[PDB]
Visitor: 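Pasting in a structure now, in structure tokens, and then I'll have a few things to ask.
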Amino acid sequence: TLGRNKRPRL
Amino acid sequence: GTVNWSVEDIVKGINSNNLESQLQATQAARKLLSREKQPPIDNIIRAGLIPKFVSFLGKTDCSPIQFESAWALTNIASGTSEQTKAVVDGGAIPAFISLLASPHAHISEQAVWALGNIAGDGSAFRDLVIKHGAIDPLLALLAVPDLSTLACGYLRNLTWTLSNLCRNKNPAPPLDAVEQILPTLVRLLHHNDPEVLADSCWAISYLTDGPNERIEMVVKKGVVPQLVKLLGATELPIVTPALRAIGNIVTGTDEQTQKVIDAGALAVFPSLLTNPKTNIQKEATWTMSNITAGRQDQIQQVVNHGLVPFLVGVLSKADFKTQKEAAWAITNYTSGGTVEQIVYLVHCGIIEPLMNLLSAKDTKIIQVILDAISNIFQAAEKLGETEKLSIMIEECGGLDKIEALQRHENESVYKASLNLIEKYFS
């Protein structure tokens with residue numbers, strides 16, 4: 001997570 | 001079963017009049033969108049599948065298709081602002097907020113995740129998520145006596161989505177939303193999981209990136225001591241946002257800066273100013289620059305903690321951007337400090353690395369340094385020791401560089417240089 005503004009679920 | 005369908009097959013299944021066929025097609029879509037290499041997001045959007053997925057979010061009677069569609073839409077929303085917009089335009093926001101109430105935790109988690117991607121797009125979608133009422137049900141999910149009873153993946157997702165509701169500027173989040181969220185952030189900042197702590201520090205670092213009023217909302221909640229403690233963590237994913245937050249806070253008033261000092265932050269900066277990660281060193285030196293811009297008694301605490309030799313160190317050797325922050329720290333120090341404090345600075349060896357940096361190809365740092373040299377000459381004038389300082393600058397090769405700058409391009413440079421030579425090197 002951290003400072004990522006978006007992230008997919010792999 | 002559902003591994004590597006074509007988009008055409010997914011469409012044919014989702015358009016069937018059979019809920020189970022739709023569920024299998026939706027899962028096939030999720031697996032396509034879950035592959036790491038080039039997920040066909042745009043083909044899925046062009047096929048018109050988003051409105052179907054959104055309607056599947058509301059099928060309480062079939063929780064698996066809620067989950068599969070939530071996951072598919074999460075990964076579409078993770079893409080470009082145009083791809084996130086397609087999800088929002090399909091009505092996903094209120095549907096995901098309804099799913100926060102789901103009795104299945106894996107479904108609620110996925111709705112949390114999706115709203116995080118939507119809010120993470122920028123100010124507009126962040127505020128739209130807030131307007132649809134997301135904050136109350138998100139915070140309700142954390143209304144337990146002990147956060148440790150929640151699965152840590154679940155808790156990490158929640159913390160991360162909350163951090164995205166705190167993120168971004170022009171405009172910053174609504175004040176009342178920030179006030180609503182802060183008590184839960186304070187609590188999460190005391191939770192033992194490294195990722196939760198890092199995400200909590202990121203959220204705080206976003207909230208302190210603004211005018212003094214925003215900083216005050218955070219400082220008033222009493223979190224500065226816990227941030228200083230996290231500043232000393234061994235995990236760099238925690239130190240980085242914690243330091244950013246501390247650095248933001250010291251851009252505030254002198255009283256806000258003082259609470260960072262009182263919490264003991266200066267004791268950590270021997271490590272931070274020699275930290276092998278160039279970004280930590282840069283951010284720590286930036287933070288120092290905004291502390292030496294404070295009062296004389298705050299400069300004095302920088303002196304007492306033995307940090308001036310560390311500033312001389314980074315000025316002497318560091319990544320260039322760090323050195324430039326160090327130059328600023330020195331210009332602020334000399335601008336606001338007493339004669340004694342400036343004398344001490346010279347005795348720590350600031351002159352030579354300061355001159356060595358006049359060789360640099362960055363006209364802003366040359367200005368900053370020349371300004372610092374004037375300040376120091378002014379303190380020497382007050383002691384009648386202008387000549388000792390002129391001799392010291394000449395012996396380390398600084399005079400040479402200053403005349404080179406008499407014929408510099410920028411006009412502020414060459415007028416500050418000439419003035420220095422006219423007045424002190426006649």
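Order of the sequence lines fixes the chain letters, A, B, ..., with proteins taken first and strands second; residue numbering starts at 1 for each chain. The analysis underlying the following values was restricted to heavy atoms, covering all of them including side chains, and did not include hydrogens, waters or symmetry mates.
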Visitor: Out of curiosity, B:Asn168 CG to A:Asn5 CG, how far, rounded to the nearest 0.5 Å?
Guide: 8.0 Å

Visitor: Ignoring hydrogens and angles, tell me if any N or O in the side chain of B:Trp160 forms a donor-acceptor pair with the backbone of A:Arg4 under 3.5 Å.
Guide: yes

Visitor: Check whether any side-chain heavy atom of B:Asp199 lies under 4.5 Å from a side-chain heavy atom of A:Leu2, and answer yes or no.
Guide: yes

Visitor: Please classify the contact between B:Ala77 and chain A as side chain, backbone, both or neither, with a heavy-atom cut-off of under 4.5 Å.
Guide: backbone

Visitor: Tell me, out of B:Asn164, B:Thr74, B:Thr161, B:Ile76, who's got the most heavy-atom pairs with chain A below 4.5 Å.
Guide: B:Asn164

Visitor: Do B:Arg30 and A:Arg9 have side-chain heavy atoms sitting under 4.5 Å apart?
Guide: no

Visitor: If you look at every heavy atom in A:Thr1 and B:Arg156, which pair is closest and at what distance?
Guide: CG2-O, 4.3 Å

Visitor: Is the number of heavy atoms from other residues, nucleotides or ligands under 6.0 Å of B:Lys31 NZ greater than 12?
Guide: yes

Visitor: Given the options B:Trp202, B:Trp113, B:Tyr206, which has more heavy-atom pairs under 4.5 Å with chain A than any of the others?
Guide: B:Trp113

Visitor: A:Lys6 side chain to B:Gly79 main-chain N or O, any donor-acceptor pair under 3.5 Å?
Guide: yes

Visitor: Who among B:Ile118, B:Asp121, B:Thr240 has the most heavy-atom pairs with chain A under 4.5 Å?
Guide: B:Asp121

Visitor: Can you establish whether the number of heavy atoms outside B:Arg244 located under 6.0 Å from its atom CZ is more than 12?
Guide: no

Visitor: Classify the side-chain pair B:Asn157/A:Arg7 by whether it contains a donor and acceptor separated by less than 3.5 Å.
Guide: yes

